[PDB]
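Here's the letter readout for the chains.
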Amino acid sequence: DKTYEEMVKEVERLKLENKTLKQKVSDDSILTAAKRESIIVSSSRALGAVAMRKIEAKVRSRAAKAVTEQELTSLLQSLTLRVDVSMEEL
Amino acid sequence: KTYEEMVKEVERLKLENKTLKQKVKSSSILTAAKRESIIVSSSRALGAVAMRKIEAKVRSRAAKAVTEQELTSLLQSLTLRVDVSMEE
């Protein structure tokens, strides 16, 4: 895969299937400072990607009415967007 | 045929839009690729902001998390509400 989304979706999918399998057989290690941080930087980036494309969509959607450089710049500046992001939206 | 119509609707509207843009010059107008460039630029900035607070919510939400399965369970469907304003 490539996109950050796909990879995080993939990695998490394997960690879940990896748990079930350990559940089938007590093999839950404590997180390491690096491990945790690594998981946080990834998840953030994946969720960031979802945030990116939703944002572009909405913006592109709400700026459509503008027809002038002034109007376009005016509309964008006044834009405030509420965005929902989920690990299950990858 | 619904798609074929849109395809025609697009061309039809593109013909109208242009003329409408022209009459407007007779009394500054944004060009196609021009808008695309400001929008992609503006959008990326807002993205970078959404990206900044998301890392903040995830890291914070990774608090009680001390084992790898606990964080796997937690990150399975974690959701965040995020607000981004050009004013930032």
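Residues numbered from 1 in each chain as written, not as in the entry; some residues may be left out. Chains lettered and ligands numbered in written order. Heavy atoms only, no water.

Its PDB header names X-ray crystallography as the technique used to obtain the model and reports a resolution of 2.70 Å.

1. Looking at the packing of helix 3 (residues 69-77) of chain A against helix 2 (residues 32-61) of chain B
Filter applied, for reference: Helix axes are fitted only over the stretch in contact, all axes being lines through C-alpha atoms; the angle between N-to-C directions runs from 0 to 180 degrees. Secondary structure elements are defined from DSSP: runs of H or I of at least 4 residues count as helices, runs of E of at least 2 residues count as strands, and each element is numbered from the N terminus. Oblique is the label for every angle not falling under 35 degrees (roughly parallel), over 145 degrees (roughly antiparallel), or within 65 to 115 degrees (roughly perpendicular). Note: crossing handedness is left-handed where the near helix turns anticlockwise from the far helix by less than a right angle, and right-handed where it turns clockwise. Between two residues, a contact is recorded if the distance between any of their heavy atoms is within 4.5 Å. Throughout this entry, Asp, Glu, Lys and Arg are counted as charged residues, while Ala, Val, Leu, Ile, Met, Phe, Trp, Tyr, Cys and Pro are counted as nonpolar. The remaining residues, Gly among them, count as polar.
Two elements in contact, helix 3 of chain A and helix 2 of chain B, have axes separated by 11 Å at closest approach and are oriented at 15°. When the axes of helix 3 of chain A and helix 2 of chain B are compared, the pair comes out roughly parallel. Between helix 3 of chain A and helix 2 of chain B lies a crossing whose hand is right-handed. Seen from helix 3 of chain A, the contacting residues are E69, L72 and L76 of chain A; seen from helix 2 of chain B, they are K34, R35, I38, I39 and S42 of chain B. Tallied by class, the residues present in the contact of helix 3 of chain A with helix 2 of chain B amount to 4 nonpolar, 1 polar and 3 charged.

2. Points about the layout of surface pockets
Where we set the bar: Only protein atoms enter the calculation, which uses a 1 Å grid: trapped sets of points that fit a 1.4 Å probe without letting it out are cavities, open sets showing protein on both sides within 12 Å along at least five of seven lines are pockets, and any residue with an atom within 4 Å of a point is a lining residue. Grid points are joined across faces, edges and corners, and a volume is the space filled by probe spheres set on the points.
The volume enclosed by the largest pocket comes to roughly 690 Å³. Contributing to the lining of the largest pocket are 22 residues, with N17, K21, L30, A32 and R35 of chain B lying nearest its centre. Breaking the lining of the largest pocket down by element, the ones donating at least two residues are helix 2 (33-63) of chain A together with helix 1 (2-25) and helix 2 of chain B. Per-element accounting of the lining of the largest pocket gives the leading share, 10 residues, to helix 1 of chain B. Class assignment of the residues belonging to the lining of the largest pocket gives a composition of 12 nonpolar, 3 polar and 7 charged. Size it by volume and the second largest pocket reaches roughly 400 Å³. In this structure, the second largest pocket is lined by 22 residues; those nearest its centre are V11, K15 and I39 of chain A together with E68 and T72 of chain B. Residue assignment for the lining of the second largest pocket shows that the elements contributing at least two residues are helix 1 (4-24) and helix 2 of chain A together with helix 3 (68-76) of chain B.

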